[PDB]
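Chemist: One structure, as structure tokens, below. Some questions next.
Cβ placement follows ideal geometry from the backbone for every residue including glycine, while neighbour counts extend to all protein chains displayed. Every number here is computed from the coordinates shown, using simple stated rules; none is lab data.
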Amino acid sequence: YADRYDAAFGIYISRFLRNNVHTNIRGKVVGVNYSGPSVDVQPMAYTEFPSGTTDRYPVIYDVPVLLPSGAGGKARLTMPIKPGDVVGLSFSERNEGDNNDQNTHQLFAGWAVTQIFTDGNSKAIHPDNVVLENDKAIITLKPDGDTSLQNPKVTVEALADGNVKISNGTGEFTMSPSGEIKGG
Amino acid sequence: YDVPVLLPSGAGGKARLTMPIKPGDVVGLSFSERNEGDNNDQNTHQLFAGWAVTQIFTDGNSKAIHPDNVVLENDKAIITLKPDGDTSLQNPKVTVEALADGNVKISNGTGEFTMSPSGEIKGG
Amino acid sequence: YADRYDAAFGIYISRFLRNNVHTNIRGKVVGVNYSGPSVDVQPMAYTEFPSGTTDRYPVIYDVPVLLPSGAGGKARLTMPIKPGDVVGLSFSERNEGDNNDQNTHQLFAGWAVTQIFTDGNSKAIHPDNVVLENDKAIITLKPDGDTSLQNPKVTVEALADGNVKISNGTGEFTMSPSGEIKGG
Amino acid sequence: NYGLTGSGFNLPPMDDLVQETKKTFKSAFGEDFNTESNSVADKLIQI
Amino acid sequence: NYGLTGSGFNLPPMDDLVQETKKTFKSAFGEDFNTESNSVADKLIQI
Amino acid sequence: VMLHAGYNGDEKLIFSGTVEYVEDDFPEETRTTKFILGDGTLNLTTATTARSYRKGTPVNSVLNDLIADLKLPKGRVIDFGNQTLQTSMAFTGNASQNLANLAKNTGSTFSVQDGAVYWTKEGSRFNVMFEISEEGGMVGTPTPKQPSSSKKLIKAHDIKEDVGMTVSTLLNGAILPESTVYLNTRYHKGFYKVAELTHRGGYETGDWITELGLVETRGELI
Amino acid sequence: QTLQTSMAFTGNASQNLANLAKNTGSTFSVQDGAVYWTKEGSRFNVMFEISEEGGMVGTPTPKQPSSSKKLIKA
Amino acid sequence: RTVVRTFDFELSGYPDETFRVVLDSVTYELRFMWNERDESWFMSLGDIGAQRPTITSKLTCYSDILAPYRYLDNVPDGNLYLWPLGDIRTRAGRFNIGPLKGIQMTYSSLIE
Amino acid sequence: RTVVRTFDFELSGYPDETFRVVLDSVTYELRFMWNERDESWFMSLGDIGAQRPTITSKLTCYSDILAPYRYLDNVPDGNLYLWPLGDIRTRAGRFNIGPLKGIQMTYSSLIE
């Protein structure tokens, strides 16, 4: 139980990892900075020991946000992050903001991901479609050639069979595969 | 079992790029420090799945990459934006390109419609 | 200070993690391979001990790059990565390239993220807009239905109110919500 | 402590009362007052 | 070592000179030459 | 539990803490009770914290915030002045562990003792609060002993410790590790810090002495 | 009893079982080849009686079962 | 200014006593020196290991010793008084200080 | 150039004394050799464990020993002087060096 010499090291190592060696954790954005994208993260997980004591992670400030980008930042998909979004957090081995720190893994925030779909915020996913969507503006590309731009009063679809059907509530314009051109 | 999947999204999940994931896709996995599904577990790092990334291009499934182009692509539907203004939507029977020089060339197998930079409007 | 029996294990564990247990680190791409996307990463962090000694991470070769994709790689957003882009790096527990290695966490590169916006390269972010952008080609979708394709000499906007205004420097074509069709 | 409290009625031993009253006597005539065994005051106070 | 150096002028003790010259004498007539206490050469060299 | 010791006329507090362990063995003739006592063990090993700060926060505020969490009286503290954080910081887990990490990166010594929190700066020392001489019940001559069981690589912060000495004296509980002593012997003379104490005692049979491990100082006279 | 969250187990089986002990108040320990899984706090008849007739050696003495004390809700 | 008694002192009469005390959870060191010609106790107060004492004053009965010094971060905010247990006319002496010797040196702390 | 006295030396008279001293938080090793014909002390200064001494000079009264050598990274920037406590005409001797022997060898450090 606590007599062997190995069990002592087991408990000591188990307790040592508890206060250090932070690698990854989930969280929720509470503070957002739009100039030089950074977000404040509040980790969600916690535990309660049998002695009626609790362990809470503190608020972590200014974690850089990653977005799919390249070419030196000239190409990037900057989506509109808001407070409350659920994201995953990663901790760096060393304090990348300083070169003299002697510690390691001491909650040095590395970066945060755009969003993670966990229980309680699980949005539906289309089984087969690459849909890029906004509040009411949708861009849908289907594998069979067809592409479509939609909004509550306009529609611009280009179908596989040479069909163009630029349309609007006040009228429409279309081209048939047979080379027809019409104005509704 | 049941590792949450991350996608680029925001605004409370109103904006998101939901691609069609299939079985067999190669992805990277991350493990959380604590059992985020429970608050009484005494262990740590015991295979508590944190989340998974959409896909990783390793050896044996390395698809080619265009040296300079932001191409959003589907089975046969392609959206290509080039740095020099030009944008194009393509599919095996339609094409809608808007070039840098004021050129619009909405086209189809059965006909085409175009506008020149000189203000011309034509129907093929 | 160094008399207790526990402090010895504390220092030994602290030093043991220094040479192993690599989990995550930031870096910059210096070498890019476009066939079978992979990148060479140069970690940025380092430390200097009081004894006038320094610790430098070496260059890491061929870290696979992740992109949002699915359907067996048929759908993917392949952005144009360039050398010098700042990315975050992750290390795998085991040498996924071999099945006989006895070590663990010994700088086995797992994968790299597309880009991370840290201090010194923080591009601006639109407070509310899903903008997919290239050097001079922009695709903007706004929550209120409106979508727009722009470039320095063309513009194709489809507004919420049934308005289509395909336009060009040499002329324009538009459709009003009232069903009008005009050619400029 | 031993009288009426918030949890009923208690009982004091003899020695606590003896010590309390001897402390009172000590305070009455300074720390030099004798109160053990051979003092007439001791025989009066204990009785 | 003890003469002119890059940091001024130094001073040699007696024993270092004695040992150096005794080594020179040793080299002069082989390792068998006696140079301690009872040698006439010792009395000449030390003086 | 509290313990007192001295010489037939007075007894100075020598230890105070909690009974961590207790066991009894009574083989035939004589029972022998055992104890293991810890000086503030319960507080140092259970005081959790959860704090964070932004760039620009004064470091002097962080120190005071964490100590109040530890729930112990402040024996002595040397504030940082106008120091300010260079990067955002977060602290969790046991408060003692976080403070001990701040010690490394700022050249400060943190250690609780007989219930008192002591925060000082390495290399520097506080008057002659104690003088050691044959009149002061010294036991044997001082001898030079290295203050650590290993040697560090050197450029040959320079201000740090690295040297020491040893002395022994009759039991005297009015001494603490962070104090300062003056050594008036016939060979060694000067001022030293204290680094370690060990009190031994056998009432009927055994020693009644105290051993001090001294460390040389090279900093300012705080 | 039913699992509340998905679980995965790898590595040595003994280590995984010893972890399940903490979160469910059960004691696991192998002895003379026999696997014993019981619950902490509870006990099984008088399978053995100790007395001067039973070859006892000296009087019993109270000794703490662990070399350290835990914090309690008291 | 409600205050509650929380500590009492005693002196053995040695002319150069020095000891450490804890008040309001803070720790201080005290020095007491006996003056022959003035037959009075001189008290010095300061921090542990301090180079020089922060406060020095002469002890007297029914006088608020700390009154003019409650503006420093290292001085107790309570009340320190000396009052007699016997006849009110007795003045502080050498051996008559203590819980039963005749003079009651006491410290009391405000309620916060 | 404000300077403050911060260290004093003493010599036991042994002709080949050697010891280590700490000045300005830096540590140095010193050697003193007695010259018979010139009846004067020769001082050598260098780093700990150095192969050869950095500076060698002859000691004299009221002369700035370090004057021409404040351009090296391993030489103290303070002032080293020998001046007498007794009659001003007394010159440095063998046994007359010390805080009370007649000659006061002293080191003083500039205020920074």
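Chemist: Translational diffusion coefficient, Stokes-Einstein: compute it for chain E using the Kirkwood radius over C-alpha pairs as Rh, at 10 °C and 1.306 mPa s, and state it as an integer in µm² s⁻¹.
Modeler: Translational diffusion coefficient: 131 µm²/s.
Chemist: So what are the radius of gyration and Dmax for the Cα set of segment I:21-85, in Å?
Modeler: Rg and Dmax of segment I:21-85, Cα atoms, are 12.4, 37 Å.
Chemist: In debye, nearest 20, what is the charge dipole magnitude of the protein assembly as shown about its Cα centre with +1 on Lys and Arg Cβ and -1 on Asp and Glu Cβ, if you could check?
Modeler: With only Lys, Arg, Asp and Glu charged at Cβ, the dipole is about 1960 debye.
Chemist: Next question. Please build a GNM for chain H, connecting alpha carbons under 10 Å apart, and tell me which residue among H:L72, H:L100, H:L82 fluctuates the most.
Modeler: In the Gaussian network model the winner is H:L72.
Chemist: For chain H, what value does the Rg/Rh ratio take when both radii are computed over Cα atoms and Rh is the Kirkwood radius, given to two decimals?
Modeler: Reported Rg/Rh, Kirkwood definition of Rh: 0.94.
Chemist: Counting other beta carbons within 10 Å of each residue's own, what order do I:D73, A:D55, C:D101, I:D47 fall into, fewest first? Please report the intermediate quantities before stating the final value.
Modeler: Working: I:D73 4, A:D55 18, C:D101 12, I:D47 15.
The fewest-first ordering by Cβ neighbours comes to I:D73, C:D101, I:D47, A:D55.
Chemist: Out of residues 5 or more away from F:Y53 or on other chains, whose amide H comes under 5 Å of its own, with H placed 1.01 Å from N in the peptide plane?
Modeler: F:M89
Chemist: What whole-number distance in Å separates the alpha-carbon centres of segment H:5-42 and segment D:1-41?
Modeler: Going from one Cα centre to the other spans 30 Å.
Chemist: Mean projection of the alpha-carbon convex hull of segment B:53-119 over all orientations, in nm²?
Modeler: 6.2 nm²
Chemist: Using a Förster distance of 25 angstrom, determine the FRET efficiency expected from the C-beta separation of D:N34 and H:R89, and round it to 0.05.
Modeler: E(calc), rounded to 0.05, equals 0.45.
Chemist: Classify segment F:22-77 as rounded, prolate or oblate, taking a ≥ b ≥ c as the square roots of the eigenvalues of its Cα gyration tensor: rounded when a/c is under 1.5, otherwise prolate if a/b is larger than b/c and oblate if not.
Modeler: prolate
Chemist: Ok, one more. Work out the FRET efficiency for F:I78 and A:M44 from their Cβ-Cβ distance, taking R0 = 35 Å, and round it to the nearest 0.05. Intermediate values should be presented prior to the final figure.
Modeler: On the way: r = 39 Å, r/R0 = 1.11.
Efficiency at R0 = 35 Å is approximately 0.35.
Chemist: What list of ³J(HN,Hα) couplings, whole Hz, do you get for segment A:58-63 from phi and the Karplus terms 6.51, -1.76, 1.60, once you set θ to phi - 60° and write x for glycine and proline?
Modeler: In residue order, the calculated couplings are x, 5, 10, 9, 6, 8 Hz.
Chemist: In terms of modelled amide H atoms, which long-range or inter-chain residues lie less than 5 Å from the amide H of B:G50?
Modeler: When sequence neighbours closer than 5 places are left aside, the close amide H contacts are B:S30, B:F31, B:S32.
Chemist: Right, something else. Grab the other residues whose beta carbon is less than 11 angstrom from that of B:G37, score K and R as +1, D and E as -1, and report the net.
Modeler: Numbers: positive: A:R26, B:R34; negative: A:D119, B:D2, B:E36, B:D38, B:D41.
Spelling it out: positives minus negatives among the neighbours equals -3.
Chemist: Can you work out the FRET efficiency for the pair I:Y81 and A:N99, with r the C-beta to C-beta distance and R0 = 45 Å, to the nearest 0.05?
Modeler: Details: r = 44 Å, r/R0 = 0.97.
Taking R0 as 45 Å, the efficiency between I:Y81 and A:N99 is 0.55.
Chemist: Let me ask another. With the calculation restricted to Cα positions, what are the radius of gyration and Dmax of the protein assembly as shown in angstrom?
Modeler: 42.3, 137
Chemist: For chain F, place one equal point scatterer on every Cα, skip the solvent, and apply the Debye formula. What is log10 of I(q)/I(0) at q = 0.08, 0.13, 0.18 Å⁻¹?
Modeler: Result of the Debye calculation: -0.39, -0.94, -1.41.
Chemist: Of the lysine pairs in chain C, how many meet both conditions: Cα atoms under 15 Å apart, and a spacing of 8 or more in sequence or different chains? Display every interim value, and only then the final one.
Modeler: Values: C:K28/C:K82; C:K136/C:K153; C:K153/C:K165; C:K165/C:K182.
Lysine pairs meeting the criterion: 4.
Chemist: A further question on this structure: Can you give the local net charge around A:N134? Use residues other than it whose beta-carbon is closer than 12 angstrom to its beta-carbon, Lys and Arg +1, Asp and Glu -1.
Modeler: Computed value for this residue: -1.
Chemist: Here is a follow-up. Could you please rank D:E36, D:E31, A:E172, H:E112, placing first whichever residue has the fewest other Cβ atoms within 10 Å of its Cβ?
Modeler: The most exposed by this proxy come first: H:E112, D:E36, D:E31, A:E172.
Chemist: Report, in cubic angstrom per residue, the convex hull volume of the C-alpha atoms of segment F:45-106. Before the final figure, lay out the partial values.
Modeler: Working: hull volume 5.0 nm³, N = 62.
Taking only Cα atoms, segment F:45-106 has a hull volume of 81 Å³ per residue.
Chemist: Over chain B, what is the percentage of antiparallel beta bridges among all DSSP beta bridges, to the nearest 5?
Modeler: Bridges in chain B are about 95 percent antiparallel.
Chemist: Compute, for chain F, the length of the dipole vector about the Cα centre, with Cβ point charges of +1 (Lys, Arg) and -1 (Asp, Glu) only. Units Debye, rounded to 20.
Modeler: Roughly 1420 debye, rounded to the nearest 20.
Chemist: In addition: Would you calculate the convex hull of the Cα atoms in segment C:82-156 and tell me its volume per residue in Å³?
Modeler: Normalising the Cα hull of segment C:82-156 by residue number yields 177 Å³.
Chemist: A further question follows. Whole-Hz ³J(HN,Hα) for each residue in segment B:75-85, computed from phi via Karplus 6.51 cos²θ - 1.76 cosθ + 1.60 with θ = phi - 60°, x for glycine and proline: what do you get?
Modeler: Per residue, the Karplus-derived 3J(HN,Hα) values read 2, 9, 10, 10, 10, 10, 10, 9, x, 7, x Hz.
Chemist: Convex hull volume of the Cα atoms in segment C:1-160, per residue, in Å³? Could the numbers behind the result be given before it?
Modeler: Working: hull volume 35.4 nm³, N = 160.
Residue-normalised Cα hull volume stands at 222 Å³.
Chemist: Given H placed on each backbone N at 1.01 Å, which residues far from F:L85 in sequence or on other chains put an amide H within less than 5 Å of it?
Modeler: Counting only residues 5 or more places away or on other chains, the set is F:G56, F:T57, F:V59.
Chemist: Can you compute log10 of I(q)/I(0) for segment B:11-92 with the Debye formula, treating each Cα as one identical point scatterer, at q = 0.14, 0.19, 0.21, 0.23 Å⁻¹?
Modeler: -0.77, -1.07, -1.16, -1.22
Chemist: Another question, then. Segment H:57-112 to segment B:1-44: how many Å between their Cα centroids?
Modeler: Using only Cα atoms, the two centres lie 68 Å from each other.
Chemist: What is the diffusion coefficient of segment H:1-45 in µm²/s, taking the Kirkwood radius over Cα pairs and the Stokes-Einstein relation at 20 °C with a viscosity of 1.002 mPa s? Working shown, then result.
Modeler: On the way: Rh = 12.3 Å.
Using the Kirkwood radius from Cα pairs, D works out to 174 µm²/s.
Chemist: Longest span of chain H, sites excluded, free of trypsin sites (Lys or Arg not before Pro) in DSSP loop with at most 16 other C-beta atoms within 10 Å?
Modeler: The longest uninterrupted stretch comes out as H:2-36.
Chemist: Please list, in order along segment F:175-189, the HN-Hα scalar couplings obtained from phi with the Karplus expression 6.51 cos²θ - 1.76 cosθ + 1.60 (θ = phi - 60°), rounded to whole Hz, x for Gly and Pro.
Modeler: 9, 9, x, 8, 6, 10, 9, 10, 10, 9, 10, 8, 9, 9, 9
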